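*Asks:* here is the sequence, then the experimental structure:
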Amino acid sequence: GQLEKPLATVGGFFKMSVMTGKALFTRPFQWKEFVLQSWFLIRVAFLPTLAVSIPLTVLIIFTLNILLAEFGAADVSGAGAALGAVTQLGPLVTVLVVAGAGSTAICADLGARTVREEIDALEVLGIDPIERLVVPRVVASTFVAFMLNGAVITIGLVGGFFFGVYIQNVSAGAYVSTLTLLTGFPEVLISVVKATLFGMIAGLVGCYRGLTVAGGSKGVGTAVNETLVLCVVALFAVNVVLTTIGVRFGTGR
Amino acid sequence: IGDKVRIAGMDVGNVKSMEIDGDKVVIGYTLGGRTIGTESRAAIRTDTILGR
Amino acid sequence: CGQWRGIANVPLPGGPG
Amino acid sequence: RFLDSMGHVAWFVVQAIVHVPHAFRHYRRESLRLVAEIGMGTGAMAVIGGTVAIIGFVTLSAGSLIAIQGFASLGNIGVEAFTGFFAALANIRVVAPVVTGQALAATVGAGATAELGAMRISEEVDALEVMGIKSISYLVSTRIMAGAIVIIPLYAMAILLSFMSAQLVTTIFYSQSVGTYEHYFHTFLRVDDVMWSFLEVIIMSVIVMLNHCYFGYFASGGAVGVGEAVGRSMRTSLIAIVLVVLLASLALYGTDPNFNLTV
Amino acid sequence: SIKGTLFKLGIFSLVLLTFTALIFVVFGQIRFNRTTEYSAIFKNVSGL
Amino acid sequence: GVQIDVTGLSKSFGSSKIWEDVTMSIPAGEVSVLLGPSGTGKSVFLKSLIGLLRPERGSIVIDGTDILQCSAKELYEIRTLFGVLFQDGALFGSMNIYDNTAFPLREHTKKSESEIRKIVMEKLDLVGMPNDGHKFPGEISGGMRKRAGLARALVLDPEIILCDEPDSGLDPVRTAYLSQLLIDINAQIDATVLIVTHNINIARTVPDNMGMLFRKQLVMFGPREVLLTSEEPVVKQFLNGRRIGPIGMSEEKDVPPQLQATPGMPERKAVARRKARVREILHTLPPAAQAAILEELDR
């Protein structure tokens, strides 16, 4: 009985996601809502994404450079600079600035629609919310996560190059020539898969929590907080699983 | 386990198992669908200076 | 595009020379 | 506008800081209740463990990621006995402070923003002001004191679980000997780094609590605006945490890296 | 306002997919030159 | 206007029960009102009438089809008969009042945009918003939001209208205005209007039929004349807003002439049918109620 309580919400989320997939592959797509939600997520989670990605990659590059300079092998730093940035820094900054901003925004928007009885207004008009609202939001979440992951990886690599060369006086040719030493097609492919899955899961969780808001006076805030916590936990677990799968393939081996 | 198995310098498979049988080690590997003769010669060899 | 030899073979700004 | 907003947040943080002794003397039971609420969560998230469980899961995941990728790369190169040396410097310098900060931000900060927004909407702040009570001193200063009291145990658990996850992944799943891992871990780890990391986490937690209390205290727009306040507070908290960790690491190890391997 | 939103989204998507394609080109070692195919015989390729 | 048949309807949010055994027969085309003390779950009943909520027991036999035992595909046509005014209007904030009004016309019909503009302008002028098409729901007030929700409900020629607390956030004057508008609408289209409210001014001038929920039950449902002359302690206490009676201080401690349609509006056919039913009902009423209702009908 103790496990049966969260299992009901788990089943509701899973059934809602199954219906979302069915509406995506069966019913006509909502291009207008998809465009609107894509631009909304981009405008709500682009500047924070850079503002979190730039200092974090600078910190990682600084730590790697000092540790390797003491180690003596300061010419292979770019290798690590690539290896983290493609496979962990990109998807994890995507996790943070998607779950914090876009997932919470989707949950708040759908909760606002629910408490204002707009969902019931759609439902009494014969329309299905899962096809008109959830599908464009999940697709927009996936698209924005993909693009943001690409931008994060690129900006992180460039910032690491500039910091290491112009501050810690490492050699630029060693940075650019060692980037591909440990990173190849498997790493960028697993990064793309991570970003796509993270965006899809964040969109699904945000939509499901927004549709099932409790109203009241703290229901929307509680729903947003629960959305954020669930997204962080689920995306970290999925990142662990996908990291294991990706290192099973490997560029070095 | 997982080390490369090669034929004429090009990778053909991996090392799958290593067991102790009497005074010998039986190492099981894969050839990736290729065929070798019963008179073939195997050799464990050092690949790099770091111990591969 | 046609002469693209890689990110390691593109001239980089800064440094001596 | 921009200067006006900066001045408003500066006034809020100054007023919250200067009322810490007043809150400490006048309100002790409220501080203890907030310490319990922050440590063990509230609402539906409290039944699973609250902030402790979320922090533990996220830090275990981060340590597992470090051990996994680290061991894979070093085994590909060949020098895989350095994993214990690589994991520790990964956890202390970059990974554990930032990750614990983001998890603390999410759980505690979003809960505080939601609570203060609900109080603002439900006219409870007006009720406190009518009854002759400093609302900032009663709410925000108490939150700050509770966060300062609770952060050290939380980050201690985070560090412990990150180290445990890295060691377990390396020495059980990857079957590395425990002696080599423990040697390279305890030989190349300096307690000074851990102390400075604790100071970073304390400062970061104070800043995060101030930011989230600001976003929740001045909420508007009914129940709908509370969620938007939570989202904005989360974005600001992420940026502030990363910036704090970067600045502290740049200041500490700019000249002396505090790590020796070669002659 | 859907036209302007489409314009902005298209430009932003083009730039960020250019970045993703650039990452794929850089880390996948993609070349765009016309090449001729030759063959060689080795006693041992030495891990090539 | 079609008849709604409710029998044995029950609801339960968890271990608690919202109401039980609500058995009523809503007439066709007659304005009806369901009232009771606050916290009796009347909006739950109103939403269950259309299928937004699922009662645990009973049936709601609209036409001959019990909509509780009906598939989701069929409910895409039953709800075509409905028009719902929510408490705040439940408008869509992303589109203006004109698009909000035209939304179900574009969703269901196949009419050209010229016909859409004609119908939408006509219904907006009907509900007192001839030149407020371009505004958004955020800009307009609560009364205008109710009017816009009604206008959106009046475009597909509804046969049932469900009004949820039309007095919420409104002073008595604006409530009187909205009540007159609802009476005019029923005069024009003869839709089965059902209102849920605990307002007492509404419950003495507007309705043709009235029913009262008290302590998770339905005490009585009947016509206006029968209810306004009923010597039931709960009904007589509530309809006068008294203080001595079964209703307590809180949930834990538990004739008027009638509104007439505006001159120049087509005659209401619900009044004559209501009186025709009232005579057959009075056949069994207590003698004091019989005399009072006979005096009222013979005025």
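*Replies:* Looks like it came in fine. Residues are numbered from 1 along each chain as shown, chains lettered A, B, ... in the order given.

*Asks:* partner strands of the longest strand belonging to chain B, parallel or antiparallel?
*Replies:* The longest strand of chain B (DSSP state E) is strand B:10-21. Each strand paired with strand B:10-21, and its direction, by DSSP bridges: strand B:4-7 (antiparallel), strand B:24-29 (antiparallel).

*Asks:* okay, the helix or strand harbouring residue F:204 in CSV with CA atoms only?
*Replies:* Using DSSP states H and E, residue F:204 sits in helix F:202-205. In CSV, the C-alpha atoms belonging to helix F:202-205 read as follows (Å, rounded to 0.1, in the frame of the first residue of the first chain):
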residue,chain,number,x,y,z
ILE,F,202,-31.5,34.9,-8.1
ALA,F,203,-33.5,32.1,-6.5
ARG,F,204,-36.6,34.3,-6.2
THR,F,205,-37.0,36.0,-9.6
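
*Asks:* what's downstream of it, the next helix or strand?
*Replies:* Counting by DSSP H and E, the element after helix F:202-205 in chain order, helix or strand, is strand F:209-213.

*Asks:* for the residue with the largest distance to the centre of chain A, list the residues it contacts.
*Replies:* Ranked by distance from the centre of chain A (Cα atoms, centre = their mean), the top residue is residue A:72, with 36.1 Å. Contacts for residue A:72 (Cβ atoms under 8 Å, 6 or more residues apart in numbering or on different chains) come out as D:261, D:262. The way it works is simple: take the backbone N, C-alpha and C, and place the C-beta from them, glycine included.

*Asks:* quick check: which element contains residue A:242?
*Replies:* According to DSSP H and E, residue A:242 maps onto helix A:219-249.

*Asks:* mind listing the helices for chain F?
*Replies:* Here chain F has its helices, by DSSP state H, at F:42-50, F:75-78, F:97-108, F:113-126, F:142-153, F:172-189, F:202-205, F:224-228, F:233-240, F:269-282, F:287-297.

*Asks:* just chain D next, same as before
*Replies:* Assigned by DSSP H, the helices in chain D fall at D:2-18, D:20-26, D:29-40, D:51-77, D:83-90, D:96-104, D:110-121, D:124-130, D:135-136, D:142-168, D:178-187, D:191-217, D:222-252.

*Asks:* the longest one near chain A at all?
*Replies:* Yes - judged by Cβ under 8 Å from any Cβ of the partner chain, helix D:222-252 and chain A are in contact via D:222-224, D:226-231, D:234-235, D:238-239, D:242-243, D:245-246, D:249-250.

*Asks:* on that earlier part again, and the strands paired with strand B:10-21 as TSV, adding mean neighbour count?
*Replies:* Shown next, in TSV, are these (neighbours: other Cβ atoms under 10 Å in any protein chain shown):
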stretch	mean neighbour count
strand B:4-7	16
strand B:24-29	12
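
*Asks:* just put the ones you listed in a markdown table and tack on distance to residue D:158.
*Replies:* Compiled in a markdown table, the strands paired with strand B:10-21 are given as follows (distance: least, Cβ to Cβ, whole Å):
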| stretch | distance to residue D:158 |
| --- | --- |
| strand B:4-7 | 40 |
| strand B:24-29 | 44 |
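
*Asks:* rewinding a little: out of the helices of chain D, flag the one nearest chain C.
*Replies:* With Cβ to the nearest Cβ as the measure, helix D:51-77 is the member of these nearest chain C (19.7 Å).

*Asks:* so is that closest one next to chain B?
*Replies:* Yes - applying Cβ under 8 Å from any Cβ, one finds helix D:51-77 in contact with chain B at residue D:77.

*Asks:* got the angle between that helix and helix D:178-187?
*Replies:* 110 degrees (axes from the mean of the first three to the mean of the last three Cα atoms, to 10 degrees).

*Asks:* what comes up buried for helix D:51-77?
*Replies:* D:51-75, D:77 (16 or more other Cβ atoms under 10 Å in any protein chain shown).

*Asks:* then stretch A:153-162?
*Replies:* Neighbour counts over stretch A:153-162 (16+ other Cβ under 10 Å) mark A:153, A:154, A:155, A:156, A:157, A:159, A:160, A:161, A:162 as buried.

*Asks:* just the closest of those residues to residue A:187, please.
*Replies:* Nearest to residue A:187 out of the buried residues of stretch A:153-162 is residue A:153 (Cβ to Cβ; 9.9 Å).

*Asks:* hmm, residue A:191 and that closest one touching each other?
*Replies:* Yes - between residue A:153 and residue A:191 there is a contact under Cβ atoms under 8 Å: 6.9 Å.

*Asks:* how about the contacts made by the closest residue to residue D:169 other than its chain neighbours?
*Replies:* Excluding the flanking residues, the one nearest residue D:169 by Cβ to Cβ, 6 or more residues apart in numbering or on different chains is residue D:67, at 3.7 Å. Contacts for residue D:67 were tallied using Cβ under 8 Å, 6+ apart; they are D:83, D:87, D:165, D:166, D:167, D:169, D:170, D:174.

*Asks:* out of those residues, flag the one nearest to chain B.
*Replies:* Using Cβ to the nearest Cβ, the contacts of residue D:67 come closest to chain B at residue D:174, 12.0 Å.

*Asks:* for residue D:64, see how far away the closest one is.
*Replies:* Distance, residue D:174 to residue D:64, using Cβ to Cβ, to the nearest Å: 11 Å.

*Asks:* what do you get for residue F:87?
*Replies:* Separation of residue F:87 from residue D:64 (Cβ to Cβ): 51 Å.

*Asks:* go on, residue A:152?
*Replies:* Distance of residue A:152 to residue D:64, given as Cβ to Cβ: 22 Å.

*Asks:* where do the contact lists of residue A:153 and residue A:191 overlap?
*Replies:* With Cβ under 8 Å, 6+ apart, residue A:153 and residue A:191 have common neighbours A:86, A:90.

*Asks:* for stretch A:44-54, buried residues please.
*Replies:* For stretch A:44-54, a neighbour-count test (16+ other Cβ under 10 Å) marks A:44, A:45, A:46, A:48, A:49, A:50, A:51, A:52, A:53, A:54 as buried.

*Asks:* adding distance to residue B:16, write these out as a markdown table.
*Replies:* Formatted as a markdown table, the buried residues of stretch A:44-54 follow (distance: Cβ to Cβ, whole Å):
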| residue | distance to residue B:16 |
| --- | --- |
| A:44 | 50 |
| A:45 | 46 |
| A:46 | 48 |
| A:48 | 48 |
| A:49 | 44 |
| A:50 | 47 |
| A:51 | 49 |
| A:52 | 44 |
| A:53 | 42 |
| A:54 | 46 |
